[PDB]
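Residue numbers (the working numbering), protein chains in the order written: chain A, 1 to 49; chain B, 1001 to 1116; chain C, 2001 to 2145; chain D, 3001 to 3111; chain E, 4001 to 4154; chain F, 5001 to 5101; chain G, 6001 to 6053.
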RNA sequence: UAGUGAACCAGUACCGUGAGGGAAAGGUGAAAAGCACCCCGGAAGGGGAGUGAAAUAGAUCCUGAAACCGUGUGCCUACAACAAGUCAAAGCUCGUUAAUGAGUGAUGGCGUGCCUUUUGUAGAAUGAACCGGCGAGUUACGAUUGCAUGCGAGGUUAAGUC
RNA sequence: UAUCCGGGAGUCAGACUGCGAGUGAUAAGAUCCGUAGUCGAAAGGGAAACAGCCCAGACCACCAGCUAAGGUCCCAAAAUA
RNA sequence: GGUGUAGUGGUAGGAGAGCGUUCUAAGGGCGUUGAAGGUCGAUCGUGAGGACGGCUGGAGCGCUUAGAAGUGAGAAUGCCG
Ligand SMILES: [K+]
Ligand SMILES: [K+]
Ligand SMILES: [K+]
Ligand SMILES: [K+]
Ligand SMILES: [K+]
Ligand SMILES: [K+]
Ligand SMILES: [Mg+2]
Ligand SMILES: [Mg+2]
Ligand SMILES: [Mg+2]
Ligand SMILES: [Mg+2]
Ligand SMILES: [Mg+2]
Ligand SMILES: [Mg+2]
Ligand SMILES: [Mg+2]
Ligand SMILES: [Mg+2]
Ligand SMILES: [Mg+2]
Ligand SMILES: [Mg+2]
Ligand SMILES: [Mg+2]
Ligand SMILES: [Mg+2]
Ligand SMILES: [Mg+2]
Ligand SMILES: [Mg+2]
Ligand SMILES: [Mg+2]
Ligand SMILES: [Mg+2]
Ligand SMILES: [Mg+2]
Ligand SMILES: [Mg+2]
Ligand SMILES: [Mg+2]
Ligand SMILES: [Mg+2]
Ligand SMILES: [Mg+2]
Ligand SMILES: [Mg+2]
Ligand SMILES: [Mg+2]
Ligand SMILES: [Mg+2]
Ligand SMILES: [Mg+2]
Ligand SMILES: [Mg+2]
Ligand SMILES: [Mg+2]
Ligand SMILES: [Mg+2]
Ligand SMILES: [Zn+2]
């Protein structure tokens, strides 16, 4: 391969989902946590079972 | 590695401020009062881009009605006579005729008054 | 695009006359307001005042049907507390028929700079005085309209 | 070459108050302007008068213009720096004061 | 972060009373100083990955060079002393004008030194051969001894 | 003489020597085009269609294909997190009339 | 009380109309020609009604 | 406004009885060659001259945004109510990344800001004086699912050595 | 379009209108259920204005046309039918 | 790549495609005949945004592919100025 022509295979590497970077991303303004609640908090949620 | 964003923000705001020319005072100088008015301006634009057609149709119709009353007939009976006589003349055209060529409009009125 | 817009000032303005010996003021004022707006023409565009002038005659004799002569009340307020004045249309007819016809037409016009100007084109006169013989006005038949 | 400038920078008076005085002389001859600045009881009149004298003197010396026909073409008072200080007010609160400055600038033209 | 930064402790004013926002340290992220929220950390990006994939990578690279004809074998490179101009003349005789990787047996020190300083040239000693080196190079000068060493280690 | 034709789902008053702007026609530039859709013809004379005139036609010559100014459609709803933005340059074609019949 | 709203540049400048100062009474001194306030001693020559002071 | 709290005489100035807390503040020019001399002025500060490639590089020193404060000028504005725009449009003035041009705008139609939180907010519910900067789902170790690659009922090394 | 397997969620404050019942004073823009719709999360047209009513679902452009509810003397398009 | 049919309101939310910033490796190229940045333009793209010119400025910066992130601000009675 040539270093100025590199490519991966399709579907091998995916673009990260950045969160809280505008409304038109979809993951913005709440980060997929929804409206208020214990799940909508830093370190929120509950135990695992 | 660190990212500052000196130019992105400024360019993105100059765009809005260029869109905000002609606006009273703060609404062409400040990004917030402008943006809040650019979005409302676009809303109004999208809406007026529909109401424009309504308005001109209304105008044309009033003109046609006037030009028909000056021949002894009304908009509604005129247009019904036209639909009878299979005369597919737009109202824009018909208003232009009523303004400029009253004789052509009078001929159309004769056609309709015969159709009725 | 293409469709005609009457240049402000270029439309020629005619002078009309309306006798009102027996007509209702509402119907009178309706045809009159149409004229003043200039909707009687194809040149009408709604921002340039394409209308014509109106003279009104024998406004004292304007017909009021039913009890409107004694029960159609014109209210106005001085915007001072308690300053509500009422006047009947009959008294207003006998005394200031100009004001009667004016209130009718003014309510029947638009509440714009344009309509405030168009209300100036009106010229009401009780009786057949007609001081405007210099403008060569034309009689208009309300009965057909 | 038709015009001459003078400027007073870091002046210790208010721009809004100096502008009241400049509004008189803008559009005037230097004679009337100097008379007005002399018979103006205000404070900025003195500094504006010195600036105007300086402009006329520069027109004389550095340019060899004829003083007897000049007109104050431009005159304006830009804002300047602000050495800012603090008044102590009631109950330990400090209120700031902005001791403002002015960049007075006069321009005098041949006609 | 907020913890390793010199300061804090004093809540700079009361929870209440003031018309000032609620603040809990002079060195929280929203201060002119202020500990960074997450930021970078000391971090190891390296990772091993399977031997068969590695060796297939090596084979693939060398086979690509062979298919493109970008190998150049030699019998010698036995310089009496490490002069670089001799090596440059060798490259010129072999008609090389591009980048090149030079594989050498373990000990050909004079030739390694001669090839060292040149900008077009990378040098490597038959065991330190690497995918990055070879792929970066467009051509591969190699001694027959080095090729044999490659074919026995692989 | 003047005429009134039907084009682009609408109608156009027109005269000879004049250029009109209409919807995209599927023909190259500098090429002839013809409208067998005339609604009316007039001038000193006057003749009407029912709906079209009897076998009349109007000849034109393309001059240019182009695109209007970009109109921006920014749909917006307050307090509901959502906006869309579109641009749109609508294509047109310019045609200079050459004959009426 | 408190403003509740910042005034605009326009509204400022519309208050500032009558804040301008006028200067008046200037005439020329019949002796020296330079200008003086009327009913005031000429500060240059000191004369008033043709009498030194 | 980063990086040590501190690139500058910083644990300084400052606050505090004290323990203690705790800032701000970088850049002339290649080289001072840093403005001889003259003029206005009490001086400062300007204006010429002159150095310099450049002085609108002259100590507030590279660039020099915005808010903000002004000066002038093309158009409009003193019978008008208008989340201040939009659409249509007369008149006037200019002439472009030359293309269904730019600016202004009489007049008319429609139209109760942005966010948050709400069943529902134009909201007399909350936040924002404005401008600029800063400022919020990251990483380590593990688990699981999908996608991709290698190998395949065999797939793979950890630590450590070179 | 249903089912099964697996990944990821959010939602557990709902409101009104019409019909069926309760509580209520067969009062409440009341409360609680069912049922359908709309809003929420839906602009547009009418109801003067007016989330929740009537008509109707905005991908865009058009100085094109036919209709819906609602309307046609003027404001304000259409019949002084 | 084309023809036809059907569709394309949207919050929480899920999925997929991208624009832009800083840096790196490689390739290639542009800069005292004036880089970046600043500013004005009536320009192009469906959008994020991208060029080309005019003036300023005075030395570093783009373009292609791939990668790594302190990666995008309008609100936090947010902090500093
Ligand atoms: K989620
Ligand atoms: K308006
Ligand atoms: K996995
Ligand atoms: K596999
Ligand atoms: K629905
Ligand atoms: K920022
Ligand atoms: Mg990644
Ligand atoms: Mg969402
Ligand atoms: Mg937000
Ligand atoms: Mg909740
Ligand atoms: Mg929240
Ligand atoms: Mg929740
Ligand atoms: Mg809105
Ligand atoms: Mg005290
Ligand atoms: Mg601590
Ligand atoms: Mg720090
Ligand atoms: Mg009045
Ligand atoms: Mg006026
Ligand atoms: Mg309003
Ligand atoms: Mg509020
Ligand atoms: Mg507040
Ligand atoms: Mg029902
Ligand atoms: Mg209820
Ligand atoms: Mg129910
Ligand atoms: Mg909700
Ligand atoms: Mg609706
Ligand atoms: Mg709402
Ligand atoms: Mg119809
Ligand atoms: Mg009507
Ligand atoms: Mg959809
Ligand atoms: Mg749809
Ligand atoms: Mg850079
Ligand atoms: Mg960040
Ligand atoms: Mg801010
Ligand atoms: Zn005297």
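Idealized CB from N, CA, C, for every residue including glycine.
Item: Simplified DSSP state of residue 2135 of chain C, which is helix, strand or coil; Value: helix
Item: Test item: CB-CB of residue 5027 of chain F and residue 5100 of chain F under 7 Å; Value: no
Item: Element boundaries [beta strand (DSSP E), containing residue 2086 of chain C]; Value: 2084 to 2088
Item: heavy atom of ligand 15 below 6 Å from residue 4008 of chain E C-beta; Value: yes
Item: Neighbouring residues (CB closer than 7 Å to any heavy atom of ligand 35); Value: G:6029, G:6031, G:6032, G:6034, G:6036, G:6042, G:6044, G:6045 and G:6047
Item: Three-state secondary structure assigned by DSSP to residue 5092 of chain F; Value: strand
Item: Beta-carbon neighbours of residue 1027 of chain B, restricted to chain C and to distances below 7 Å; Value: Here the premise fails: no neighbours, minimum Cβ distance about 25 Å.
Item: For review: beta carbons within less than 5 Å of any heavy atom in ligand 12; Value: A:34, A:37 and A:39
Item: Short Cβ contact (7 Å threshold) for residue 4114 of chain E with residue 4139 of chain E; Value: no
Item: Continuous beta strand (DSSP E) stretch holding residue 6027 of chain G: start and end; Value: 6026 to 6028
Item: Cutoff 6 Å; reference residue 4065 of chain E; Cβ partners in own chain excluding five residues on either side; Value: 4071 and 4140
Item: Residue 4038 of chain E - partner residues in DSSP beta bridges; Value: None, per the DSSP bridge assignment.
Item: Pairwise C-alpha distance: residue 3025 of chain D and residue 6045 of chain G; Value: 24 Å
Item: Three-state secondary structure assigned by DSSP to residue 2044 of chain C; Value: coil
Item: Where residue 4119 of chain E falls, given that 16 or more other Cβ within 10 Å makes a residue buried; Value: exposed
Item: Assigned exposure category for residue 4075 of chain E - 16 Cβ within 10 Å defines buried; Value: exposed
Item: Below-7 Å beta-carbon distance, residue 36 of chain A vs any chain F residue; Value: no
Item: Closest Cα partner of residue 1113 of chain B within the set B:1068, B:1092 and B:1088; Value: B:1068
Item: Coarse secondary structure for residue 1054 of chain B, derived from DSSP in three states; Value: helix
Item: Exposure of residue 2080 of chain C, with buried meaning 16 or more beta-carbon neighbours within 10 Å; Value: exposed
Item: Counted within 10 angstroms of its Cβ, other Cβ atoms place residue 2038 of chain C as buried (16 or more) or exposed; Value: buried
Item: Beta-carbon proximity check, residue 2055 of chain C vs residue 2017 of chain C, cutoff 7 Å; Value: yes
Item: Chain-ordered chain F contacts of residue 1089 of chain B [CB-CB under 9 Å]; Value: 5004, 5011, 5039, 5040, 5048, 5049 and 5051
Item: Opening and closing residue of the beta strand (DSSP E) in which residue 5073 of chain F lies; Value: 5071 to 5076
Item: DSSP-derived helix/strand/coil call for residue 1070 of chain B; Value: coil
Item: Residue range of the unbroken alpha helix (DSSP H) whose run includes residue 4152 of chain E; Value: 4144 to 4153
Item: Under 8 Å by beta carbon: chain D residues contacting residue 6020 of chain G; Value: 3020 and 3023
Item: Interface residues of chain B facing residue 4948 of chain F [CB-CB closer than 7 Å]; Value: Because chain F here runs from 5001 to 5101, residue 4948 of chain F falls outside it and cannot be looked at.
Item: Distance between residue 4051 of chain E and residue 4057 of chain E (C-alpha atoms, nearest Å); Value: 10 Å
Item: Bridge partners - residue 5163 of chain F, DSSP secondary structure assignment; Value: It is not possible to answer for residue 5163 of chain F, since the shown part of chain F is limited to 5001 through 5101.
Item: Segment limits, beta strand (DSSP E) that includes residue 3083 of chain D; Value: 3071 to 3088
Item: Interfacial residues, the region 1008 to 1019 of chain B to chain C, with Cβ spacing under 8 Å; Value: none
Item: Residue 2103 of chain C (DSSP reduced to helix, strand or coil); Value: helix
Item: Minimum Cβ-Cβ distance from residue 3035 of chain D to chain G less than 7 Å; Value: yes
Item: Residue 3046 of chain D (DSSP reduced to helix, strand or coil); Value: helix
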